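To keep things clear, I will list the structure first and then write my remarks on it.
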Amino acid sequence: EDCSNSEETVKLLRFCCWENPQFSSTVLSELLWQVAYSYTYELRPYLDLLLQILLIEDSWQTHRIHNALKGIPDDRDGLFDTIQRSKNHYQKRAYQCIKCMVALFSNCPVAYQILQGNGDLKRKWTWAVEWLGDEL
Amino acid sequence: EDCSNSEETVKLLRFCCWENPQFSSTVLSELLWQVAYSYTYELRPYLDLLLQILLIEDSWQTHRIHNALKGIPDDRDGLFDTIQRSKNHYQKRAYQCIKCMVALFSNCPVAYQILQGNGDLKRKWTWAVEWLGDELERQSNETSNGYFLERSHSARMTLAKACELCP
């Protein structure tokens, strides 16, 4: 919540999230909370921190992209869910989420084989891209 | 968790749950857990599998229906509990639990005398129908889109069928 823009936090998270299943969910639980229920002008410190949690190439990487796009069920939304919740109002929230996602897919291969290979996430990713265009 | 939508998983559960209190408990416990903590695009298979468990016409049917509508006490798990938590957000999950219940009540005479004959369940069943009525008045609710009740025709029929069940 507080010290997300710094770089001594990314180092602590990437050191503990590494092949720790429960902890990697805790960080995602908190990060998905703030990307959804936090003030619209401060998402970039949180979203940019989310990358270096998804880009950890360990045995749990696939789950992290899974539990960031679908969301941890029945509490925290996902990157797609917050987009739906914010297309009409707080449109800047959904835009900044897409920037994270575009950056993630273009710079993470394993993310591309999860987007390309899971039709539901594939199909939702479509509706996202036109919406960004139409708003422009 | 994994082998859902299969016709052989339900046949095995339906076979083992017959007159088995311990086994039926775990099946209900796991099914209710799956109904609560799972993505809405994979909820219909669990609800449909749950419904087939409740339709087992053995001597534990009333117990199974009680543990599914209410849940194990002091744990706040159960179809009414998950409906209550999902009224505000994830409204698509709350509706699908109702849609399963309508199919249960209108097709299980044993699980209609449990409703008609228990007061709080009728209150809880009532609170569902106005919530569904109010939510709809404001397609194919499996798309896992924005989580807002899309009027569609599945919902309108479900609301219509729910209303007649109310005494």
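Chain labels A, B, ... are given in the sequence in which chains occur in the structure tokens; within each chain residues are numbered consecutively from 1, and ligands are likewise numbered from 1 in the order shown.
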
Residues near residue 93 in chain A, cut-off 12 Å, only C-alpha atoms, skip fewer than 5 positions along chain, as a short mmCIF file (atom, residue, chain, number, x, y, z; two decimals) with N, CA, C and O atoms, in the first residue's frame:
```cif
data_model
loop_
_atom_site.label_atom_id
_atom_site.label_comp_id
_atom_site.auth_asym_id
_atom_site.auth_seq_id
_atom_site.Cartn_x
_atom_site.Cartn_y
_atom_site.Cartn_z
N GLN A 34 -5.71 -3.24 -4.46
CA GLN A 34 -5.35 -1.85 -4.72
C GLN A 34 -5.56 -1.46 -6.17
O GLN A 34 -5.96 -0.33 -6.44
N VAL A 35 -5.30 -2.36 -7.12
CA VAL A 35 -5.53 -1.98 -8.51
C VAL A 35 -7.01 -1.74 -8.75
O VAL A 35 -7.39 -0.98 -9.65
N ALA A 36 -7.87 -2.36 -7.95
CA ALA A 36 -9.31 -2.16 -8.09
C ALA A 36 -9.82 -1.06 -7.17
O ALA A 36 -10.37 -0.06 -7.63
N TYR A 37 -9.64 -1.23 -5.86
CA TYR A 37 -10.17 -0.29 -4.87
C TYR A 37 -9.09 0.66 -4.36
O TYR A 37 -8.73 0.67 -3.18
N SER A 38 -8.56 1.47 -5.27
CA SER A 38 -7.67 2.55 -4.87
C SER A 38 -7.82 3.71 -5.84
O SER A 38 -8.46 3.59 -6.89
N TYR A 39 -7.20 4.82 -5.49
CA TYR A 39 -7.47 6.09 -6.15
C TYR A 39 -6.83 6.11 -7.54
O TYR A 39 -5.70 5.66 -7.73
N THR A 40 -7.57 6.66 -8.50
CA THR A 40 -7.32 6.46 -9.92
C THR A 40 -5.97 6.99 -10.39
O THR A 40 -5.46 6.53 -11.41
N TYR A 41 -5.36 7.92 -9.66
CA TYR A 41 -4.12 8.55 -10.10
C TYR A 41 -2.87 7.85 -9.61
O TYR A 41 -1.76 8.28 -9.96
N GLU A 42 -2.99 6.78 -8.82
CA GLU A 42 -1.84 6.12 -8.22
C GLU A 42 -1.73 4.66 -8.62
O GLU A 42 -1.01 3.90 -7.97
N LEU A 43 -2.42 4.24 -9.68
CA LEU A 43 -2.37 2.83 -10.07
C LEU A 43 -1.01 2.44 -10.63
O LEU A 43 -0.58 1.30 -10.44
N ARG A 44 -0.32 3.36 -11.31
CA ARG A 44 0.94 3.02 -11.95
C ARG A 44 1.99 2.47 -10.99
O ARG A 44 2.67 1.50 -11.36
N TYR A 46 1.38 0.63 -8.46
CA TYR A 46 0.91 -0.73 -8.18
C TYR A 46 0.99 -1.62 -9.41
O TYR A 46 1.47 -2.76 -9.32
N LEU A 47 0.51 -1.14 -10.56
CA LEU A 47 0.52 -1.96 -11.76
C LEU A 47 1.94 -2.31 -12.19
O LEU A 47 2.21 -3.46 -12.54
N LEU A 79 -7.64 -8.51 -13.40
CA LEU A 79 -7.37 -7.44 -14.35
C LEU A 79 -8.48 -7.28 -15.38
O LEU A 79 -8.75 -6.16 -15.80
N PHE A 80 -9.14 -8.37 -15.78
CA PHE A 80 -10.30 -8.27 -16.64
C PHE A 80 -11.53 -7.79 -15.89
O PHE A 80 -12.33 -7.02 -16.44
N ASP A 81 -11.71 -8.23 -14.65
CA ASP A 81 -12.91 -7.89 -13.90
C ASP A 81 -12.96 -6.39 -13.60
O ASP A 81 -14.00 -5.75 -13.79
N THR A 82 -11.85 -5.82 -13.14
CA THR A 82 -11.80 -4.39 -12.90
C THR A 82 -12.01 -3.58 -14.16
O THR A 82 -12.45 -2.43 -14.08
N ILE A 83 -11.70 -4.14 -15.33
CA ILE A 83 -11.98 -3.46 -16.58
C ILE A 83 -13.48 -3.34 -16.80
O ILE A 83 -13.99 -2.26 -17.12
N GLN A 84 -14.22 -4.44 -16.60
CA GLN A 84 -15.67 -4.40 -16.73
C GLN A 84 -16.28 -3.44 -15.73
O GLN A 84 -17.20 -2.68 -16.06
N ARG A 85 -15.79 -3.46 -14.49
CA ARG A 85 -16.32 -2.60 -13.44
C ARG A 85 -16.08 -1.12 -13.70
O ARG A 85 -16.70 -0.29 -13.02
N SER A 86 -15.21 -0.77 -14.64
CA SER A 86 -14.77 0.62 -14.78
C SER A 86 -14.81 1.13 -16.22
O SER A 86 -14.22 2.18 -16.50
N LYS A 87 -15.47 0.42 -17.14
CA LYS A 87 -15.61 0.97 -18.48
C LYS A 87 -16.46 2.23 -18.50
O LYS A 87 -16.11 3.21 -19.16
N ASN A 88 -17.58 2.24 -17.77
CA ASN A 88 -18.48 3.38 -17.83
C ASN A 88 -17.93 4.53 -17.01
O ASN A 88 -17.67 5.62 -17.55
N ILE A 98 -5.02 -1.89 -18.85
CA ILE A 98 -4.65 -2.42 -20.16
C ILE A 98 -3.18 -2.19 -20.44
O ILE A 98 -2.48 -3.07 -20.97
N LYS A 99 -2.67 -1.00 -20.09
CA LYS A 99 -1.25 -0.71 -20.26
C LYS A 99 -0.39 -1.76 -19.58
O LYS A 99 0.60 -2.23 -20.14
N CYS A 100 -0.75 -2.13 -18.35
CA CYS A 100 -0.08 -3.23 -17.67
C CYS A 100 -0.18 -4.52 -18.47
O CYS A 100 0.81 -5.23 -18.65
N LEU A 132 -11.04 0.22 -25.65
CA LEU A 132 -9.99 1.23 -25.60
C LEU A 132 -10.01 2.10 -26.85
O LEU A 132 -9.86 3.32 -26.78
#
```

For residue 137 in chain B: contacts at 12 Å, only C-alpha atoms, fewer than 2 positions along chain excluded, given as a PyMOL selection string
chain B and resi 130-135+148-152+155-156+159

Using the selection just defined, write its residues with C-alpha atoms as a compact mmCIF listing (two decimals), in the first residue's frame.
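Written output follows (again-v4.txt):
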```
# COMPACT_ATOMS: atom_id res chain seq x y z
CA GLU B 130 -37.28 -9.56 -4.75
CA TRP B 131 -33.52 -9.20 -5.13
CA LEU B 132 -33.74 -11.01 -8.46
CA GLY B 133 -36.81 -8.96 -9.36
CA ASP B 134 -35.15 -5.69 -8.38
CA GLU B 135 -31.90 -6.58 -10.13
CA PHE B 148 -24.64 -7.50 -14.05
CA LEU B 149 -27.83 -9.49 -14.55
CA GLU B 150 -28.51 -9.39 -18.28
CA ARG B 151 -32.29 -9.54 -18.71
CA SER B 152 -32.06 -12.25 -21.38
CA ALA B 155 -33.51 -14.86 -16.15
CA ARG B 156 -37.05 -13.73 -17.01
CA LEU B 159 -37.92 -15.02 -12.10
```

Choose the residue, out of A:61, A:14, A:71, A:119, that has the smallest atom-to-atom separation from residue 30 in chain A; count only C-alpha atoms.
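Looking only at the distances to residue 30 in chain A, the closest residue turns out to be A:71.
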
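All of the residues in chain B within 7 Å of chain A are residues 36, 37, 38, 39 and 146 of chain B, where only C-alpha atoms were counted.
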
Residues at most 9 Å from range 7-20 of chain B, counting only C-alpha atoms, excluding those fewer than 2 positions away in the same chain, as a PyMOL selection string?
chain B and resi 3-5+22-25+27+49+52-53+56-60

Could you please take those selected residues and save N, CA, C and O atoms as an mmCIF file, in the first residue's frame?
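What follows is the written file out22.cif:
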```cif
data_model
loop_
_atom_site.group_PDB
_atom_site.id
_atom_site.type_symbol
_atom_site.label_atom_id
_atom_site.label_comp_id
_atom_site.auth_asym_id
_atom_site.auth_seq_id
_atom_site.Cartn_x
_atom_site.Cartn_y
_atom_site.Cartn_z
ATOM 1 N N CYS B 3 -13.042 -33.276 -12.912
ATOM 2 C CA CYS B 3 -13.928 -34.047 -13.780
ATOM 3 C C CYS B 3 -15.365 -33.588 -13.555
ATOM 4 O O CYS B 3 -16.178 -34.251 -12.908
ATOM 5 N N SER B 4 -15.676 -32.419 -14.097
ATOM 6 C CA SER B 4 -17.040 -31.927 -14.165
ATOM 7 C C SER B 4 -17.459 -31.837 -15.624
ATOM 8 O O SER B 4 -16.616 -31.845 -16.527
ATOM 9 N N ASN B 5 -18.772 -31.772 -15.843
ATOM 10 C CA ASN B 5 -19.444 -31.887 -17.134
ATOM 11 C C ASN B 5 -19.431 -33.317 -17.651
ATOM 12 O O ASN B 5 -20.043 -33.592 -18.689
ATOM 13 N N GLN B 22 -21.698 -40.183 5.718
ATOM 14 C CA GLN B 22 -20.355 -39.614 5.720
ATOM 15 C C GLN B 22 -19.947 -39.156 4.326
ATOM 16 O O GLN B 22 -19.463 -38.034 4.148
ATOM 17 N N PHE B 23 -20.134 -40.018 3.324
ATOM 18 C CA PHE B 23 -19.739 -39.660 1.967
ATOM 19 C C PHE B 23 -20.540 -38.477 1.449
ATOM 20 O O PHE B 23 -19.984 -37.567 0.826
ATOM 21 N N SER B 24 -21.852 -38.473 1.691
ATOM 22 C CA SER B 24 -22.679 -37.371 1.218
ATOM 23 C C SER B 24 -22.259 -36.054 1.853
ATOM 24 O O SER B 24 -22.402 -34.990 1.243
ATOM 25 N N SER B 25 -21.730 -36.106 3.076
ATOM 26 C CA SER B 25 -21.263 -34.888 3.730
ATOM 27 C C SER B 25 -20.090 -34.279 2.977
ATOM 28 O O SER B 25 -20.078 -33.076 2.690
ATOM 29 N N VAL B 27 -19.189 -34.796 -0.141
ATOM 30 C CA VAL B 27 -19.615 -34.359 -1.466
ATOM 31 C C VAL B 27 -20.310 -33.010 -1.379
ATOM 32 O O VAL B 27 -20.036 -32.102 -2.171
ATOM 33 N N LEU B 49 -24.295 -30.588 -11.013
ATOM 34 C CA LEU B 49 -23.893 -31.775 -10.273
ATOM 35 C C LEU B 49 -24.472 -31.758 -8.866
ATOM 36 O O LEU B 49 -24.873 -32.800 -8.339
ATOM 37 N N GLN B 52 -28.174 -32.853 -8.954
ATOM 38 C CA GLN B 52 -28.384 -34.290 -9.085
ATOM 39 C C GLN B 52 -28.136 -35.015 -7.772
ATOM 40 O O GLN B 52 -28.719 -36.076 -7.534
ATOM 41 N N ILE B 53 -27.272 -34.470 -6.916
ATOM 42 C CA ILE B 53 -27.061 -35.073 -5.605
ATOM 43 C C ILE B 53 -28.290 -34.880 -4.731
ATOM 44 O O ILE B 53 -28.703 -35.789 -4.003
ATOM 45 N N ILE B 56 -31.389 -37.330 -5.146
ATOM 46 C CA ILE B 56 -31.264 -38.735 -4.771
ATOM 47 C C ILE B 56 -32.383 -39.058 -3.785
ATOM 48 O O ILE B 56 -32.400 -38.543 -2.665
ATOM 49 N N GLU B 57 -33.315 -39.910 -4.196
ATOM 50 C CA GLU B 57 -34.508 -40.198 -3.401
ATOM 51 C C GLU B 57 -34.247 -41.279 -2.357
ATOM 52 O O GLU B 57 -34.971 -42.267 -2.272
ATOM 53 N N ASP B 58 -33.209 -41.102 -1.550
ATOM 54 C CA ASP B 58 -32.932 -42.029 -0.466
ATOM 55 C C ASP B 58 -33.489 -41.458 0.836
ATOM 56 O O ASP B 58 -34.223 -40.468 0.842
ATOM 57 N N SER B 59 -33.148 -42.082 1.959
ATOM 58 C CA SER B 59 -33.684 -41.662 3.246
ATOM 59 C C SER B 59 -32.922 -40.499 3.863
ATOM 60 O O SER B 59 -33.319 -40.020 4.930
ATOM 61 N N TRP B 60 -31.841 -40.042 3.235
ATOM 62 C CA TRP B 60 -31.100 -38.877 3.697
ATOM 63 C C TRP B 60 -31.380 -37.642 2.858
ATOM 64 O O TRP B 60 -30.670 -36.642 2.995
#
```

Residue 102 in chain B environment, 8 Å, only C-alpha atoms, sequence neighbours closer than 5 positions dropped, as a list in words
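Final neighbour list, sorted by chain and number: residues 158, 161 and 162 of chain B.
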
Record the distance separating CA of residue 45 in chain A and CA of residue 32 in chain A, expressed in Å with one decimal.
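Interatomic distance, CA of residue 45 in chain A to CA of residue 32 in chain A: 12.8 Å.
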
Among the residues of range 26-105 of chain A, find those DSSP assigns to alpha helix (DSSP H) from the backbone and print them as a VMD selection string.
chain A and resid 26 to 36 43 to 54 61 to 69 79 to 85 91 to 105

Selected residue, from A:136, A:110, A:27, A:101, that lies nearest to residue 13 in chain A when counting only C-alpha atoms:
A:27

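With only C-alpha atoms as the atoms that count, the minimum distance from residue 108 in chain A to the choices A:55, A:50, A:69, A:10 is reached by A:55.
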
Pick the closest to residue 91 in chain B from B:111, B:136, B:47, B:103: which is it, counting only C-alpha atoms?
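Between B:111, B:136, B:47, B:103, the residue approaching residue 91 in chain B most closely is B:136.
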
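Comparing the minimum interatomic distances between residue 7 in chain A and each of A:107, A:52, A:118, A:25, counting only C-alpha atoms, we find that A:52 sits nearest.
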
I want to know what sits within 12 Å of residue 65 in chain B, based on only C-alpha atoms, with residues of the same chain fewer than 2 positions away left out; could you give that as number ranges by chain?
B: 24-25, 28, 32, 50-63, 67-72, 78-80, 101, 104-105, 108-115, 121

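Taking CA of residue 17 in chain A as the reference point, CA of residue 59 in chain A is found at 11.1 Å.
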
CA of residue 77 in chain B to CA of residue 33 in chain B, distance in Å rounded to a single decimal
7.5 Å

Skip residue 143 in chain B itself and residues of its chain fewer than 2 positions away, then list as a PyMOL selection string all residues within 9 Å of it, counting only C-alpha atoms.
(chain A and resi 120) or (chain B and resi 40-41+139-141+145-146)

Nearest to residue 21 in chain A among A:54, A:49, A:8, A:63, with distances taken over only C-alpha atoms: which residue is it?
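For residue 21 in chain A, the nearest of the given residues is A:63.
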